[PDB]
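>>> sequence? don't have it. structure:
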């Protein structure tokens, strides 16, 4: 296929050009809602913790795909391993509220607590990058609420019915080899 | 029945030839999908373990019937007794992936973990013998993924909706006796 | 009708002592155009024709279980062989004729079989080689065995320089016996033709 | 309120042959197609019926032969899937994994002599009830039996009938049973003509009503 | 009485990719509307098809250039999503999170020379099966290939076909594989006219039947 | 199908329980069913 | 919807399970589907 490159109009040529035949493709695994719908670790924790998806690891499957979008929307599920009772408050609540039982409070039940939470931000969508100030960091209002317990040992988050807008760069490991990045792929023993 | 033996055409004579009568037969127990559908032990384990059905015991019910076929296909169920959390990655994944939570990870729940896994090989069927190299042993791509945990104590596998192709030799114990292999068959006490 | 003529391309073989043709595992071929070749495969009929190979000399001293094998494809100096060196991927089935010419006064029996994914068989496993597509050759009855098999394997196309899916096997079932009027030994030859030859991925030239 | 349930004692443990399925964890996997892959078998007995495998006679030969032209018992073996003679067969390889069977077992005889050699054979099924198997064709004639001679057709097939007190028989044989429980098969040579070095190849396959039941995992592991 | 149930061993543990949902605790939340928010993408491959990203050639340049007007191999790279040259592309960024792929990968060539510079190029797909890639257009002509010259249209797009033994190929490359498993792409300059300092920018996008399957989380975290 | 005996449907969708087959046949059953039976030649019963 | 595979309805109302959207569109799908294919100009095949 020959075209005007400068106009940046998408051009998808096929093997039919030289006598091949384009096959059937199944892309469910690259569906956005599907791929983001799995639990990932948060890692930097304190007994009082504001749920911010930007605390996912930047190279993790979910963390990287999330950062490869500018804006997003989703509901959330969380799994928390904690000592004491766990309290959650919505986006916008005074930190002080975390101490009261009138807010969703989950009484300890081993081994951990799993909860479904709705999106509570005051914005129609949230962003992974924000070019400005609200008073670089993100505005304080970009969060899914906060949780508190005597001790928070582990926190997993799962994006539900995710929507992503405006793609941004997504990088693989850089290659020093000069031909291919090689690594140990799983193979049977003996 | 008299026939031309050299042509190797199947010939199934019956008792009717000398006045007997052929009876009704019920062969559900020798149905392939049915017989392979039960858990068997794997035995040689490490904290990082690639699931390879060829690690079943060669004289075990499932291991022997499997080796009595050249090609096969099936989905899988596994039961794993492990310390720590158990992670599984599909066929083709870098061994390094076993350390991350974004991959199917089962949090410890006594006494063990049972999971249903799909076939993930890039081949339309797998083989129990392979006459060649991929770079005797089998090609590295003949596997059902890999699992990892702090310690893997026990592993059971179960072939689901199994398909077998091209029969190969299946041997009973050799007999030294000169008449019959005799062994202790269960019988009431006293 | 013990008389049979087989044609593969511009080559024919006629035998007057045959016990028919044994088809192994299937009577037709799986689909030759799948996703792995993206419609770039082509058929090469000029390669579908007989080539020859001596297997061994069947003598009275060879006992039950004596086994001779030929992994396929084997070195080929014609069109088929050229395809193996010029294309990255190939697939084909085999039309196999094996002859063991002595005379009717010889006795004994040979098992001729086509085996997928060859592995060296143990002595006990040899008692079950009839699980594979086969025919027998007994001088009192025939001088020719004829087996036809399709292409198979975990992959729809193969790299024959790395994997040989089929192996021709000839095993002594009962030793050759001789008389004053019989032949003293029987030379066993194979007349093979590749079938439904398809290639994909033309390679560069070496010069 | 919510639904009240009784978590029941004695239920819930893993049983290696249970009829339930595990919970899934990795969805939407589509497999490469394997439409019409050749050589499929869906029942072990289809293979066992269609592919006879060789018996094993003294010295590990799949055949019997005799140098004398007098009448002789060429071979005698127990009608048992655990018999020495059946030990290298596919039928016995399969049978070891089931506790019981019933039905017809087929024997195949293929003469491999030269054109100038002839023979006449007899096969007899001797049921349980006698101390020792008959040593002559004459005594064995009173049993169920078939006689045949060699000619243009090299193969003769004979059905060993299932005749027993119970409806099923055990595939394995117990240390306590001295004389075989299902009887014997005796192969005789009535006479031959110039067949001194010529052999009779014997193989076995499953009959039409042959059946195996009750899967077991008996081998030392 | 009440319903008896069997609390089953081996079931019930949390699996990070399970297909079930958590119990809710805070109901009746209505969201601000986001109707017709621009720029949505529902499948990663829609983006990968529509937005080609740049390849990386020696020195971190997204282009190749040659000072001599003789025929030369301008670049050679492995047909691998883990290739050095593809390491900064969006396609490879996505591919790292899946274990397997199949299908067409499209290369785009955009000539950026001045009006007075002309060139004629060739791109060839070299399958696995040879020791080293061909160093001349003549040897490479025997492979699947396309040749084109520069003119009014500055861009040429070529499909790298999926030709392999298996139906899927691995996205990562193993330490054991020395020579690349899916082959090479070789870019040649047949000749040029006054194009000494002019470049050919190369980018890559996903083809119509390109597919990725089996999500994985491989990066060090 | 094979060694499964619940009267009740599975709680999970088939797309999750198992892998799914795509398209582009029992050889031994046919081979066995094709076997010769009875006698070859004349019978005097 | 996405990585959920129960054949059975959720025990809880949708108003509780998820947040609810209000009103007052796949750009990349359209962009990709709009791509040029084939050849530009005359063909001598």
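Perfect, I can see it now. Residues are numbered from 1 along each chain as shown, chains lettered A, B, ... in the order given.
>>> for residue A:77, which residues count as its bridge partners?
For residue A:77, the residues forming beta bridges with it (DSSP bridges) are residue A:116, residue A:158.
>>> surely it touches residue A:162?
No - using Cβ atoms under 8 Å as the test, residue A:77 is too far from residue A:162 to be in contact (11.7 Å). For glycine as for every other residue, the C-beta is placed from the backbone atoms N, C-alpha and C.
>>> how about the residues of chain A by chain C?
For chain A, the residues in contact with chain C (Cβ under 8 Å from any Cβ of the partner chain) are A:15, A:19, A:20, A:21, A:22, A:23, A:24.
>>> ok, back up a step: out of residue A:77 and residue A:162, which sits in the busier spot?
A count of neighbours by other Cβ atoms under 10 Å in any protein chain shown puts residue A:162 above the other of residue A:77 and residue A:162, at 24 against 20.
>>> and the more buried one, what element?
Using DSSP states H and E, the element containing residue A:162 is strand A:151-167.
>>> what does residue F:29 give?
helix F:27-33.
>>> do that helix and chain C meet at all?
Yes - between helix F:27-33 and chain C, judged by Cβ under 8 Å from any Cβ, the touching residues are residue F:27.
>>> list the contacts of that helix.
B:10, B:12, B:167, C:25-26, D:38-43, D:45-47, D:49-50 (Cβ atoms under 8 Å, 6 or more residues apart in numbering or on different chains).
>>> determine which two of those are furthest apart.
Largest separation among the contacts of helix F:27-33 by Cβ to Cβ: B:12 and D:38, giving 22.4 Å.
>>> between those two, who's got more neighbours?
residue B:12 (25 against 22).
>>> how many residues are close by the closest residue to residue D:64 other than its chain neighbours?
Spatial nearest neighbour of residue D:64, excluding adjacent residues (Cβ to Cβ, 6 or more residues apart in numbering or on different chains): residue D:74 at 4.3 Å. By the criterion of other Cβ under 10 Å, residue D:74 has 18 neighbours.
>>> so what's residue D:74 up against?
Going by Cβ under 8 Å, 6+ apart, the list of residues near residue D:74 reads D:64, D:66, D:121, D:187, D:188, D:189, D:200.
>>> where's the residue of chain A found nearest chain G, which helix or strand?
Using Cβ to the nearest Cβ, the single residue of chain A nearest to chain G is residue A:33, 3.1 Å away. Secondary structure from DSSP H and E places residue A:33 in helix A:32-36.
>>> chain center to that helix: distance?
10 Å (Cα atoms, centre = their mean, to the nearest Å).
>>> ok, the residue nearest the centre of chain D to chain F distance?
In chain D, the residue lying closest to the centroid (Cα atoms, centre = their mean) is residue D:91, at 4.4 Å. Computed with Cβ to the nearest Cβ, to the nearest Å, the distance linking residue D:91 and chain F is 14 Å.
>>> setting aside sequence neighbours, what's the nearest residue to residue C:31?
residue F:24 (4.5 Å).
>>> tally up the residues packed near that neighbour, please.
The burial count for residue F:24: 14, using other Cβ under 10 Å.
>>> what does the one 4 residues further on give?
Residues near residue F:28, counting by other Cβ under 10 Å, number 26.
>>> what's the distance between it and residue D:41?
When distance is defined by Cβ to Cβ, to the nearest Å, residue F:28 is 4 Å away from residue D:41.
>>> also residue D:93?
Computed as Cβ to Cβ, the residue D:93 to residue D:41 distance reads 14 Å.
>>> again with residue A:99
69 Å.
>>> of those two, who's got more company?
The residue with more neighbours, out of residue A:99 and residue D:41, is residue D:41; 25 against 11, by other Cβ under 10 Å.
>>> if we can go back for a sec, list the buried ones in the helix holding residue F:29?
Of all the residues in helix F:27-33, those buried under the rule 16 or more other Cβ atoms under 10 Å in any protein chain shown are F:27, F:28, F:29, F:31, F:32.
>>> ok, those residues vs chain G, which is closest?
residue F:29 (33.2 Å).
>>> now residue D:204: which helix or strand?
Under the criterion of DSSP H and E, residue D:204 resides in strand D:199-206.
>>> what packs against the helix or strand that that strand is followed by?
Where DSSP H and E defines the elements, the next helix or strand beyond strand D:199-206 is strand D:211-215. If you count contacts as 3 or more Cβ pairs under 8 Å, 6 or more residues apart in numbering or on different chains; DSSP states H and E, strand D:211-215 packs onto helix D:44-50, strand D:98-102.
>>> what strands line up against strand D:211-215, and which way round?
Assessed with DSSP bridges, strand D:211-215 is paired to strand D:98-102 (antiparallel).
>>> now do the contacts for residue 30.
Picked chain A for this. Counting by Cβ under 8 Å, 6+ apart, residue A:30 touches E:43, E:44, E:45, E:94, E:98, E:212.
>>> other chain: chain C
Residues near residue C:30 by Cβ under 8 Å, 6+ apart: C:150, C:151, C:152, C:156, D:35, D:36, D:37, D:38, F:24.
>>> quick check: the fifth one touching residue C:34?
So the one you mean is residue D:35. No - using Cβ under 8 Å, residue D:35 is not in contact with residue C:34; the gap is 9.4 Å.
>>> any residues in contact with both of the two?
In terms of Cβ under 8 Å, 6+ apart, residue D:35 and residue C:34 are both contacted by the residues residue F:24.
>>> these two: which is more packed in?
Neighbours were counted for residue D:35 and for residue C:34 using other Cβ under 10 Å; residue C:34 has more, 20 against 13.
>>> show me how far stretch C:168-175 is from its chain's centre.
Put simply, stretch C:168-175 sits 14 Å off its chain's centre (Cα atoms, centre = their mean).
>>> contacting residues around residue A:105?
Applying Cβ under 8 Å, 6+ apart to residue A:105 gives the contacts A:85, A:86, A:87, A:88.
>>> if you set the cut-off to 7 Å instead, what comes out?
A:85, A:86, A:87 (Cβ atoms under 7 Å, 6 or more residues apart in numbering or on different chains).
>>> surely the first one and residue A:103 touch.
This points to residue A:85. No - the pair residue A:85 / residue A:103 is not scored as a contact, 10.9 Å apart, by Cβ atoms under 7 Å.
>>> show me which of these two is the more surrounded one.
Set residue A:85 next to residue A:103 and count neighbours by other Cβ under 10 Å: residue A:103 wins out with 17 against 14.
>>> residue contacts, the more buried one?
Contacts of residue A:103 by Cβ under 7 Å, 6+ apart are A:87, A:88, A:89, A:97.
>>> any idea how far it lies from residue A:6?
57 Å.
>>> can you show me the helices along chain A?
With helices called from DSSP state H, chain A shows them at A:32-36, A:61-67.
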